[PDB]
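Below is one structure, written out as structure tokens, with a few remarks after it.
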Amino acid sequence: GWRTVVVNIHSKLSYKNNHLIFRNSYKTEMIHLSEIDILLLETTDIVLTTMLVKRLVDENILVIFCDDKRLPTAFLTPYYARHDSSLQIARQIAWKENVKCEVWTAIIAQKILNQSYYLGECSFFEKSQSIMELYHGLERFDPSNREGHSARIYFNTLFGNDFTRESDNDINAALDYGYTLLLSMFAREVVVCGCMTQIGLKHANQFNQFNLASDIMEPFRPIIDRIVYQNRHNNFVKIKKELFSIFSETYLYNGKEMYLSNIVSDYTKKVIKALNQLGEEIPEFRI
Amino acid sequence: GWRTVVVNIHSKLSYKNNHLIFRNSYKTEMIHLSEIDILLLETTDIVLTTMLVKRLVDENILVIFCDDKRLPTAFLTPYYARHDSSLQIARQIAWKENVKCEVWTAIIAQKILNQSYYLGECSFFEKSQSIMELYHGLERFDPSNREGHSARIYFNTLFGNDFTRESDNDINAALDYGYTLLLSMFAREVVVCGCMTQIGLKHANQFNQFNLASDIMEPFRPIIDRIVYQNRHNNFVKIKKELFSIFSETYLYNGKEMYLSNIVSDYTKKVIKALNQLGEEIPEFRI
Amino acid sequence: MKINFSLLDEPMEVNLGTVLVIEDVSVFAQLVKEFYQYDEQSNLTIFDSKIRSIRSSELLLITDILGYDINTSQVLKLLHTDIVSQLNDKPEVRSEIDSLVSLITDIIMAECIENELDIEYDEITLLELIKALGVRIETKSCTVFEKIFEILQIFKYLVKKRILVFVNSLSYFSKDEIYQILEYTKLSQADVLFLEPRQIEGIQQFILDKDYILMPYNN
Amino acid sequence: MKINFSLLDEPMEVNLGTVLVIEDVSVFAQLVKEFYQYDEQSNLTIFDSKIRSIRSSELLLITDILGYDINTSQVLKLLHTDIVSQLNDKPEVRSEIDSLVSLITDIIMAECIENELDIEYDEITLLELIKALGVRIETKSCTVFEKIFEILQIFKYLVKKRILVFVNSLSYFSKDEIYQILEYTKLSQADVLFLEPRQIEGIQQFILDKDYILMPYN
Amino acid sequence: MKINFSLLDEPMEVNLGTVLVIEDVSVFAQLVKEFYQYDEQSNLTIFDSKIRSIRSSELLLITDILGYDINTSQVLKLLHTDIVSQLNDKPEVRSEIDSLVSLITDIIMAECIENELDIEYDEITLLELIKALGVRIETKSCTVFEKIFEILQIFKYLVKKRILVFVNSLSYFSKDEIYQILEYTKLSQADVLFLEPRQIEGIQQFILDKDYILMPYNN
Amino acid sequence: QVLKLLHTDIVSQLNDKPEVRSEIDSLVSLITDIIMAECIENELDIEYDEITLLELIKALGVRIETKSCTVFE
Amino acid sequence: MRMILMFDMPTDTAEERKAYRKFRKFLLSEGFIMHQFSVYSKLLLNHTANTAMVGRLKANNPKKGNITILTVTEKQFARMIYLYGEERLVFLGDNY
Amino acid sequence: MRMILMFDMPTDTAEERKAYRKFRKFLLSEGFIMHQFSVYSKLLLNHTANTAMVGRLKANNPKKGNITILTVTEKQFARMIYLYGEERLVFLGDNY
Ligand SMILES: [Ca+2]
Ligand SMILES: [Ca+2]
Ligand SMILES: [Ca+2]
Ligand SMILES: [Ca+2]
């Protein structure tokens with residue numbers, strides 16, 4: 001199949017006459033089985049039938065289940081006629097250290113460049129010029145630690161010199177909330193790619209289980225810090241309401257203006273295909 | 001959980017107040033989740049909710065989905081069972097071929113020894129003496145294929161010379177059924193350990209998701225062979241019920257008499273600990 | 001006015017008219033039996049916004065449309081009171097009626113004075129005139145549609161009935177008649193719940209599949 | 001027995017159980033209106049094997065199965081009269097009942113004479129004993145499938161009713177329950193006619209098309 | 001739940017939340033005075049679907065949000081009963097609580113046996129444990145929005161109040177907070193009627209012009 | 001007054017043993033944690049103070065035996 | 001008519017125990033069978049023998065004795081479940 | 001469904017008496033009323049609640065405890081008759 005069916009709304013699923021019946025309160029849609037490729041369930045209110053699960057076993061389509069946090073939890077594993085993603089995980093186990101270091105360095109360069117560009121949009125030339133100098137000074141293996149050095153400059157520019165990531169405040173909790181949403185989206189995209197999220201691009205720290213998605217979502221991180229900087233005076237609830245509008249808001253991809261879901265999908269696909277093909281092209285995202 | 005719940009009837013399943021809710025037109029029954037180990041759906045008319053699936057993933061309960069023929073189709077595999085999985089992946093990648101071939105050779109020796117014990121309990125001196133000779137002749141890399149010869153002589157001696165493993169008879173069907181159930185439980189235990197199930201300890205060329213769980217489930221096959229040998233005259237339905245009675249029956253571990261699920265869990269734990277510690281102790285299971 | 005049963009995941013709200021279609025004959029017959037036995041059985045629970053469970057006396061159950069008796073002492077009494085209020089809202093008509101019954105009282109009083117016995121009286125009122133006229137609803141020549149419409153009209157007259165429920169009553173009426181019944185129910189504000197085995201096409205309804213899944217349906 | 005209306009070309013006979021489906025909602029609702037108004041309207045007619053019109057008192061029309069009370073004044077009157085006839089058919093048993101009633105009347109009469117207030121009594125009768133015992137048909141019905149069976153029993157017990165008619169009563173019962181109801185109707189020999197808006201699959205029924213043509217099914 | 005006054009042409013229905021904006025200060029002040037004096041004055045008439053007029057005891061009038069006392073004997077009692085029901089819905093938690101209470105009762109019983117006097121007791125229940133804990137709603141640190149939200153939450157606990165009415169309470173809340181109040185009122189099913197001199201932008205409301213013309217307004 | 005002196009006497013007896021009163025404080029802490037969790041599960045804000053041994057005795061209804069068959073008893 | 005009879009009394013005193021033995025022997029002599037302690041039943045032919053048996057039981061009841069009497073059908077008597085003081089495999093469906 | 005329940009068990013040991021008190025308190029907490037010693041009854045709404053109650057009673061039965069369960073109709077449950085108490089020589093006085 002081709003189209004990837006994702007259910008973000010309450011609905012029921014049935015199987016009739018080689019036709020998948022998706023029923024929601026607004027309307028009913030029938031989709032042919034041969035057209036569907038990957039099936040993902042975003043919420044916990046979706047109802048499905050075991051007969052449709054058996055038809056999906058005959059159709060080899062991958063079934064993905066998610067929790068209330070939207071983070072993918074379990075996937076359906078057939079005993080025979082396994083999906084091609086399980087064959088694609090072996091290439092992820094074969095990922096070379098040079099390709100991982102190249103993609104990681106490119107990701108850090110994209111994030112730092114987005115931070116300096118956002119500081120330029122905020123009209124701080126000295127801090128943005130310093131972060132840009134650290135961006136041009138970034139190197140492999142990260143001996144300079146210019147990312148951790150650009151961090152303090154970015155946060156100190158945004159929220160002031162007194163603010164820091166270690167302190168407990170509604171701004172830090174808002175940053176962890178936005179990073180949790182972006183981690184959920186990018187983690188869902190990595191789960192769609194089939195690659196194990198436990199294997200990270202950073203070779204130093206394996207502690208986090210999301211390390212792959214956490215490393216892929218870094219170039220889009222400053223977009224959260226912008227809204228957190230504008231709404232910083234508001235309470236954490238209002239900051240959550242403002243951060244909830246990022247899904248509805250549209251952003252500019254290099255090719256065309258798109259939604260965040262499609263942009264993260266194309267970026268993740270280019271990242272996985274580039275890792276399996278050993279660095280054909282590196283997806284670049286700029287604010 | 002201690003309880004294997006099998007639903008062969010059409011009904012709707014919901015999750016309420018940490019309780020599995022079985023709703024049907026005739027009656028409704030609630031079963032706590034903490035008591036439930038395995039959940040088996042034997043029909044395609046059963047309905048379930050994604051919230052109950054998420055609660056089952058958090059409860060680490062194996063969910064098996066069968067076909068219209070009642071044979072198991074696909075089982076649910078959680079992505080992250082525990083945080084130690086991401087740390088265990090690096091150890092699995094750091095494993096050595098000497099430890100894999102050593103542990104796999106000892107496991108095959110335990111399986112052949114269990115077959116010789118089954119033929120000894122069946123009072124066959126020549127067959128158990130020959131299988132014991134193949135057990136004493138087992139070597140690394142398996143150049144003589146004494147395991148396959150032990151299986152061929154085992155099934156050919158038990159079921160007759162005209163019998164074969166490639167036959168379509170209900171004997172081989174029940175053998176593949178019990179191997180599928182035990183492979184599902186052992187695979188779920190490997191998911192609890194966190195290590196990759198697709199990586200086998202015997203042949204690195206063979207790529208299968210069930211390879212490791214099969215290598216761990218090799219010594220327990222004769223337990224299925226016994227009931228299959230006793231009930232071989234009975235119909236496939238009664239043979240399937242007797243195969244379901246294995247979960248209720250208890251077996252004697254070297255330490256004490258325990259249930260099959262506890263023996264599989266502790267055995268897999270000792271196997272993973274022995275693989276990470278490079279063969280400190282090898283768990284031995286005897287009939 | 002929310003109703004709940006074991007088959008439903010959450011209690012469903014019934015506002016104005018509500019068409020509930022049960023595709024399973026077992027759950028439908030069991031639900032109707034739980035509707036007739038409702039006081040005895042605790043499975044079906046109907047509660048208001050106060051969460052207080054309504055008594056079976058407050059519940060109004062209707063299956064046979066033409067067999068139900070629309071004429072009762074309370075319905076006819078409150079109806080006569082409503083007619084008396086309608087005549088009281090117009091001053092001119094009330095004045096004329098007072099003049100007519102007044103003249104009649106004069107005549108009867110003269111006839112009483114002509115008699116040898118001493119006779120006393122009080123008055124001839126409007127409620128006594130309506131009771132003497134015998135005003136009542138006519139269900140004899142009424143079609144089933146007009147009968148259900150009259151039931152929806154007299155449901156406001158019934159004080160004790162909290163909710164009206166119809167059992168398989170939508171099979172007689174055409175789609176347009178059902179649209180008139182629902183559109184009139186929205187104006188009457190009464191709470192009506194219809195139970196049908198088969199779904200009706202063209203009207204919003206709640207469908208219960210044989211899988212025991214409740215879904216809203218526009219058609 | 002046969003029923004005839006202006007829509008049918010020829011009157012169709014109703015013997016044992018019969019299922020009649022009307023595919024027109026206007027003809028179905030107008031037909032039920034003609035059933036309740038049968039006394040008032042002359043359009044719908046019923047001709048028995050004797051080819052004689054029957055009064056509405058002989059027609060039993062039941063729509064709501066659960067809402068139909070089995071215990072009525074006329075039913076209890078005919079039942080008490082039937083039991084009184086059965087007790088009157090045996091002289092010895094009725095004589096023993098008269099003896100026991102005489103003993104109880106003697107005891108209560110003695111207790112009345114013991115009282116200081118004057119007491120006057122008449123007598124005790126077998127009908128007053130049956131009504132005092134509260135003899136009635138069993139009111140216990142678990143499901144509509146059993147309630148319709150009790151309706152068939154009381155209908156077969158009533159001689160005055162020549163036909164029993166159910167309106168949209170087949171939607172509650174499952175296909176197997178419909179088969180059991182048809183078999184019980186054939187075993188009881190009573191005449192039952194059902195009116196359904198839509199056809200039922202698996203059973204023999206008379207389908208009335210929107211064209212007004214009547215065709216047999218199964 | 002329809003309300004009617006002499007200025008309106010037809011009685012207006014109040015379902016879920018309803019925002020009534022009176023552009024005339026004279027008619028607004030007169031209507032509020034008719035709301036406080038409602039039992040004395042016959043001008044303002046509020047009736048249900050039964051057309052029966054509700055008593056002033058059944059009407060709930062609220063003007064000062066922070067001055068109203070949300071904690072009452074009936075509200076706290078029914079709230080404790082609701083908490084007891086929530087603890088009763090879970091068998092495991094109720095079993096654990098029963099175990100702990102059994103232990104404490106054993107200790108106190110031993111202490112009673114150690115005494116020289118003969119002592120008798122009965123039981124320590126869950127309602128007595130909640131009453132000893134002193135569970136109550138905290139309005140001290142609550143913002144006006146959380147106060148009105150808690151009032152909408154306890155309106156279901158009030159049995160006798162038929163309709164809740166707020167007087168000029170929408171001036172403190174932001175548009176988003178008003179959207180949350182209305183969206184929560186649709187779920188709570190309670191009948192709330194707001195009275196404001198000025199129209200609120202972005203919400204459906206009924207506007208009464210200085211011409212005494214009542215019109216529905218989407219914004 | 002009799003119930004006040006009796007409850008105060010039992011409170012003194014329980015205060016004479018530190019370990020038993022410590023266990024009572026632990027159990028009361030567990031029950032307060034459970035009821036507090038159930039209060040947090042509710043959608044309405046709830047404020048509580050604490051539970052005391054005197055409130056536990058008064059909640060149990062400790063009193064002298066009221067059963068008397070005859071005036072001699 | 002199936003007559004279910006429960007019997008109880010304080011047994012502490014010796015006279016009470018003797019009265020309990022006498023009443024139990026009287027129940028056995030009347031046709032009642034003891035299913036368990038304090039649990040007995042007897043099949044009465046009709047309402048007449050039932051009423052006479054009620055009068056006799058009231059006459060023979062020992063001091064402080066207490067008897068509970070219930071009328072039960074054969075289908076209800078066969079449904080009597082006696083439990084005298086944990087399944088690994090739970091089957092919801094056909095029991096095979 | 002009216003559930004008549006009889007309960008007996010050896011009471012001699014202190015642990016047995018404590019178990020009897022615990023089981024009786026459990027019966028009272030479940031809605032059962034004691035008409036007399038060892039004699040109890042409870043009104044079950046339907047067959048499902050009756051089955052669940054049977055399982056719970058089997059789970060809560062004390063060691064050596066014995067429970068007799070009988071189903072009686074609600075009208076037959078109201079028909080329950082509780083009686084609370086031929087000699088040649090009648091002695092009114094000291095019994096010698
Ligand atoms: Ca008069
Ligand atoms: Ca007249
Ligand atoms: Ca306190
Ligand atoms: Ca107390």
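A note on labels: chains of the structure tokens are A, B, ... as shown, every chain counts residues from 1, and ligands are counted from 1 in their shown order.
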
Item to complete: Write down as a PyMOL selection string the residues of chain D whose backbone DSSP state falls under strand (DSSP E or B).
Response: chain D and resi 2-4+12-13+17-22+45-47+53+59-62+163-167+192-196+205-208+214-217

Please write the residues from the selection above to a file, keeping N, CA and C atoms, as a short mmCIF file (atom, residue, chain, number, x, y, z; two decimals), in the first residue's frame.
data_model
loop_
_atom_site.label_atom_id
_atom_site.label_comp_id
_atom_site.auth_asym_id
_atom_site.auth_seq_id
_atom_site.Cartn_x
_atom_site.Cartn_y
_atom_site.Cartn_z
N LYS D 2 -60.69 -15.84 6.88
CA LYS D 2 -60.14 -14.99 5.84
C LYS D 2 -60.39 -13.52 6.17
N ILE D 3 -59.48 -12.67 5.71
CA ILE D 3 -59.59 -11.23 5.88
C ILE D 3 -59.59 -10.59 4.49
N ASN D 4 -60.37 -9.52 4.35
CA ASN D 4 -60.53 -8.87 3.06
C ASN D 4 -60.55 -7.36 3.23
N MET D 12 -57.62 -13.28 1.43
CA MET D 12 -56.62 -14.27 1.79
C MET D 12 -57.02 -14.98 3.07
N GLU D 13 -56.81 -16.29 3.10
CA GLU D 13 -57.19 -17.11 4.24
C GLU D 13 -56.09 -17.11 5.29
N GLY D 17 -50.84 -20.22 12.24
CA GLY D 17 -50.07 -18.99 12.26
C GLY D 17 -49.95 -18.39 10.86
N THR D 18 -49.98 -17.06 10.81
CA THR D 18 -49.88 -16.33 9.55
C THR D 18 -49.09 -15.06 9.77
N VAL D 19 -48.18 -14.76 8.85
CA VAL D 19 -47.36 -13.56 8.89
C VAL D 19 -47.70 -12.71 7.68
N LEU D 20 -48.19 -11.50 7.92
CA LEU D 20 -48.57 -10.57 6.87
C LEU D 20 -47.67 -9.35 6.94
N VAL D 21 -46.97 -9.07 5.84
CA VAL D 21 -46.05 -7.94 5.74
C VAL D 21 -46.66 -6.90 4.81
N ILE D 22 -46.68 -5.65 5.24
CA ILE D 22 -47.18 -4.54 4.45
C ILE D 22 -46.01 -3.61 4.16
N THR D 45 -63.01 -6.21 6.36
CA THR D 45 -63.97 -7.26 6.67
C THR D 45 -63.24 -8.56 6.96
N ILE D 46 -63.92 -9.44 7.69
CA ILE D 46 -63.39 -10.76 8.04
C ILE D 46 -64.50 -11.77 7.84
N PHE D 47 -64.24 -12.79 7.01
CA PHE D 47 -65.21 -13.83 6.70
C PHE D 47 -64.63 -15.17 7.14
N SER D 53 -69.93 -12.49 8.73
CA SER D 53 -69.18 -11.40 9.35
C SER D 53 -69.20 -11.55 10.87
N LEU D 59 -63.09 -10.47 17.81
CA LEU D 59 -61.73 -10.23 17.35
C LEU D 59 -60.86 -9.78 18.52
N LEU D 60 -59.74 -10.46 18.72
CA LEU D 60 -58.79 -10.12 19.77
C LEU D 60 -57.61 -9.40 19.12
N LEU D 61 -57.46 -8.12 19.42
CA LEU D 61 -56.39 -7.30 18.87
C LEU D 61 -55.43 -6.92 19.99
N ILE D 62 -54.19 -7.37 19.88
CA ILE D 62 -53.17 -7.13 20.91
C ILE D 62 -51.93 -6.56 20.23
N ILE D 163 -60.19 -15.00 16.55
CA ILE D 163 -58.93 -14.64 15.92
C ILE D 163 -58.12 -13.77 16.88
N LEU D 164 -56.81 -13.97 16.86
CA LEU D 164 -55.87 -13.16 17.62
C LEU D 164 -54.93 -12.48 16.63
N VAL D 165 -54.73 -11.18 16.81
CA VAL D 165 -53.97 -10.35 15.89
C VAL D 165 -52.89 -9.61 16.66
N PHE D 166 -51.66 -9.66 16.15
CA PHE D 166 -50.53 -8.95 16.72
C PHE D 166 -50.01 -7.94 15.71
N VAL D 167 -49.71 -6.74 16.19
CA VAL D 167 -49.26 -5.64 15.34
C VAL D 167 -47.81 -5.34 15.69
N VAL D 192 -53.70 -17.12 14.45
CA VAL D 192 -52.92 -15.94 14.81
C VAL D 192 -52.45 -15.27 13.52
N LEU D 193 -52.60 -13.95 13.46
CA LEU D 193 -52.19 -13.16 12.30
C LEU D 193 -51.28 -12.04 12.76
N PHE D 194 -50.12 -11.91 12.12
CA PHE D 194 -49.14 -10.90 12.46
C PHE D 194 -49.08 -9.84 11.36
N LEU D 195 -48.83 -8.60 11.77
CA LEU D 195 -48.70 -7.47 10.86
C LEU D 195 -47.34 -6.83 11.07
N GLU D 196 -46.50 -6.87 10.04
CA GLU D 196 -45.15 -6.33 10.15
C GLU D 196 -44.90 -5.31 9.05
N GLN D 205 -44.11 -16.07 4.74
CA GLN D 205 -44.92 -14.89 5.01
C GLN D 205 -45.52 -14.39 3.70
N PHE D 206 -46.61 -13.64 3.84
CA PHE D 206 -47.29 -13.02 2.70
C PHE D 206 -46.82 -11.58 2.58
N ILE D 207 -46.16 -11.26 1.47
CA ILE D 207 -45.58 -9.94 1.24
C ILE D 207 -46.55 -9.13 0.40
N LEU D 208 -46.93 -7.96 0.90
CA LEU D 208 -47.79 -7.02 0.18
C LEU D 208 -46.90 -5.90 -0.36
N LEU D 214 -50.14 -8.89 -3.78
CA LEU D 214 -49.76 -9.79 -2.69
C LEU D 214 -49.09 -11.03 -3.27
N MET D 215 -47.94 -11.39 -2.70
CA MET D 215 -47.18 -12.53 -3.18
C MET D 215 -46.74 -13.40 -2.01
N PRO D 216 -46.73 -14.72 -2.18
CA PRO D 216 -46.23 -15.60 -1.12
C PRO D 216 -44.71 -15.62 -1.07
N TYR D 217 -44.19 -15.88 0.12
CA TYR D 217 -42.75 -15.93 0.35
C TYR D 217 -42.43 -17.13 1.23
#

Spatial neighbours of residue 159 (chain C), 10 Å, only C-alpha atoms, chain gap at least 4 places, as a short mmCIF file (atom, residue, chain, number, x, y, z; two decimals) with C-alpha atoms, in the first residue's frame:
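What ended up in around_5.cif:
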data_model
loop_
_atom_site.label_atom_id
_atom_site.label_comp_id
_atom_site.auth_asym_id
_atom_site.auth_seq_id
_atom_site.Cartn_x
_atom_site.Cartn_y
_atom_site.Cartn_z
CA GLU C 58 -42.47 9.52 36.97
CA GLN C 74 -56.50 14.92 35.52
CA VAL C 75 -55.94 15.52 31.80
CA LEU C 78 -56.26 20.56 33.53
CA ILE C 154 -51.15 16.19 26.44
CA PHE C 155 -47.71 15.27 27.80
CA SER E 49 -41.84 22.52 30.42
CA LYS E 50 -44.80 21.65 32.67
CA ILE E 51 -45.72 25.39 32.60
CA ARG E 52 -45.62 25.23 36.40
#

Worksheet item: ligand 4: which residues are within 6 Å, counting only C-alpha atoms and all ligand atoms, as a list in words?
Response: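 So, counting only C-alpha atoms and all ligand atoms, the residues near ligand 4 are residues 122, 123 and 124 of chain E; 59, 60 and 61 of chain F.
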
Worksheet item: If we count only C-alpha atoms, which residues of chain C reach to within 12 Å of chain E? Please list them as a count of residues only.
Response: 32

Practice prompt. Residues within 12 Å of ligand 3, counting only C-alpha atoms and all ligand atoms: report them as a ChimeraX atom specification.
Written response: /E:128-136 /F:28,32,47-56,58-59

Discussion item. Applying 9 Å and only C-alpha atoms, which residues near residue 69 (chain A) remain after dropping the ones on its own chain fewer than 6 positions away? List them as a ChimeraX atom specification.
Written reply: /A:43,181,184

Worksheet item: What residues in chain B have any atom no more than 8 Å from chain C when counting only C-alpha atoms, and can you write them as a PyMOL selection string?
Response: chain B and resi 11-12+23-25+47

Would you mind exporting the chosen residues as an mmCIF file, in the first residue's frame, restricted to N, CA, C and O atoms?
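Output (result.cif):
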data_model
loop_
_atom_site.group_PDB
_atom_site.id
_atom_site.type_symbol
_atom_site.label_atom_id
_atom_site.label_comp_id
_atom_site.auth_asym_id
_atom_site.auth_seq_id
_atom_site.Cartn_x
_atom_site.Cartn_y
_atom_site.Cartn_z
ATOM 1 N N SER B 11 -18.089 -10.690 22.274
ATOM 2 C CA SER B 11 -18.341 -9.813 23.413
ATOM 3 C C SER B 11 -17.514 -8.547 23.228
ATOM 4 O O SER B 11 -16.688 -8.445 22.315
ATOM 5 N N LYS B 12 -17.747 -7.580 24.113
ATOM 6 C CA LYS B 12 -17.027 -6.314 24.110
ATOM 7 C C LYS B 12 -16.214 -6.207 25.391
ATOM 8 O O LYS B 12 -16.709 -6.536 26.471
ATOM 9 N N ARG B 23 -18.270 -7.459 28.707
ATOM 10 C CA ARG B 23 -19.668 -7.100 28.517
ATOM 11 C C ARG B 23 -20.245 -7.930 27.380
ATOM 12 O O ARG B 23 -19.721 -7.908 26.259
ATOM 13 N N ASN B 24 -21.317 -8.660 27.675
ATOM 14 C CA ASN B 24 -22.040 -9.446 26.689
ATOM 15 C C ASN B 24 -23.531 -9.311 26.964
ATOM 16 O O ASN B 24 -23.948 -8.818 28.015
ATOM 17 N N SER B 25 -24.340 -9.750 25.999
ATOM 18 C CA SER B 25 -25.787 -9.648 26.153
ATOM 19 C C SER B 25 -26.294 -10.572 27.254
ATOM 20 O O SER B 25 -27.238 -10.226 27.975
ATOM 21 N N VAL B 47 -14.517 -7.658 20.535
ATOM 22 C CA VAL B 47 -14.260 -6.230 20.402
ATOM 23 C C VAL B 47 -13.471 -5.765 21.617
ATOM 24 O O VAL B 47 -13.679 -6.261 22.730
#

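For residue 148 (chain E), the set of protein, DNA and RNA residues having any atom at most 7 Å away, when counting only C-alpha atoms and skipping those fewer than 4 positions along the same chain, is residues 65, 144 and 152 of chain E.
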
Discussion item. How large is the C-alpha RMSD when chain H is optimally fitted onto chain G, using all Cα positions paired one-to-one in sequence order?
Written reply: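 Here the RMSD amounts to 7.7 Å.
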
Worksheet item: Taking every C-alpha atom in sequence order, what RMSD separates chain A from chain B after the best least-squares fit?
Response: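 Fitting chain A to chain B over paired C-alpha atoms yields 5.1 Å.
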
Discussion item. Using only C-alpha atoms, I'd like every residue of chain G that has an atom within 10 Å of chain H; please write them out as number ranges by chain.
Written reply: G: 3-10, 35-40, 54-55, 57-73, 75-86

Item to complete: Would you give me, as JSON, numbers by chain, the residues of chain D that come within 10 Å of chain C, using only C-alpha atoms?
Response: {"D": [24, 25, 26, 27, 28, 29, 30, 32, 33, 34, 35, 36, 37, 40, 41, 61, 62, 63, 64, 65, 66, 67, 68, 141, 142, 143, 144, 145, 167, 168, 169, 171, 172, 173, 174, 175, 196, 197, 198]}

Practice prompt. Per DSSP on the backbone, filter region 44-204 of chain C down to the residues in helix (DSSP H, G or I) and report them as JSON, numbers by chain.
Written response: {"C": [73, 74, 75, 76, 77, 78, 79, 80, 81, 82, 83, 84, 85, 86, 87, 88, 89, 91, 92, 93, 94, 95, 96, 97, 98, 99, 100, 101, 102, 103, 104, 105, 106, 107, 108, 109, 110, 111, 112, 113, 114, 126, 127, 128, 129, 130, 131, 132, 133, 144, 145, 146, 147, 148, 149, 150, 151, 152, 153, 154, 169, 170, 171, 175, 176, 177, 178, 179, 180, 181, 182, 183, 184, 185, 186, 187, 188]}

Item to complete: Report the distance between CA of residue 287 (chain B) and CA of residue 257 (chain B) in Å, rounded to one decimal place.
Response: 11.2 Å

Fill in: Pairwise distance for CA of residue 68 (chain A) and CA of residue 27 (chain A), rounded to one decimal in Å
23.7 Å

Discussion item. Tell me as a ChimeraX atom specification which residues belonging to chain H come within 12 Å of chain C, counting only C-alpha atoms.
Written reply: /H:1,43-49,74

Worksheet item: Taking only C-alpha atoms into account, what are the residues of chain G at most 6 Å from chain B, put as a ChimeraX atom specification?
Response: /G:88-93

Go ahead and save the residues from that selection, with N, CA, C and O atoms, as a CSV table (one decimal), in the first residue's frame.
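Okay, this is what ended up in selection16.csv:
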chain,number,residue,atom,x,y,z
G,88,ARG,N,-6.3,-21.1,37.6
G,88,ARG,CA,-5.2,-20.6,36.8
G,88,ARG,C,-5.7,-20.2,35.4
G,88,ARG,O,-5.4,-19.2,34.9
G,89,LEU,N,-6.5,-21.1,34.8
G,89,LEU,CA,-7.1,-20.9,33.4
G,89,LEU,C,-8.5,-20.5,33.5
G,89,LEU,O,-9.4,-21.3,33.9
G,90,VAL,N,-8.8,-19.2,33.1
G,90,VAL,CA,-10.2,-18.7,33.1
G,90,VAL,C,-10.7,-18.7,31.7
G,90,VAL,O,-10.0,-18.2,30.8
G,91,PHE,N,-11.8,-19.4,31.4
G,91,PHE,CA,-12.4,-19.5,30.1
G,91,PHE,C,-13.7,-18.7,30.1
G,91,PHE,O,-14.7,-19.1,30.8
G,92,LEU,N,-13.8,-17.7,29.2
G,92,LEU,CA,-15.0,-17.0,28.9
G,92,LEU,C,-15.4,-17.4,27.5
G,92,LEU,O,-14.8,-16.9,26.5
G,93,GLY,N,-16.4,-18.2,27.4
G,93,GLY,CA,-16.8,-18.8,26.1
G,93,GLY,C,-17.3,-20.2,26.3
G,93,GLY,O,-17.7,-20.6,27.4

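Computed from the coordinates, the CA of residue 231 (chain B) to CA of residue 286 (chain B) distance equals 22.0 Å.
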
Worksheet item: chain B residues within 6 Å of chain A, counting only C-alpha atoms: which ones, as a PyMOL selection string?
Response: chain B and resi 44+46-47+49-51+54+74-79+86

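Compared by their closest atoms to residue 281 (chain B), and using only C-alpha atoms, the residues B:106, B:145, B:262, B:62 rank with B:106 nearest.
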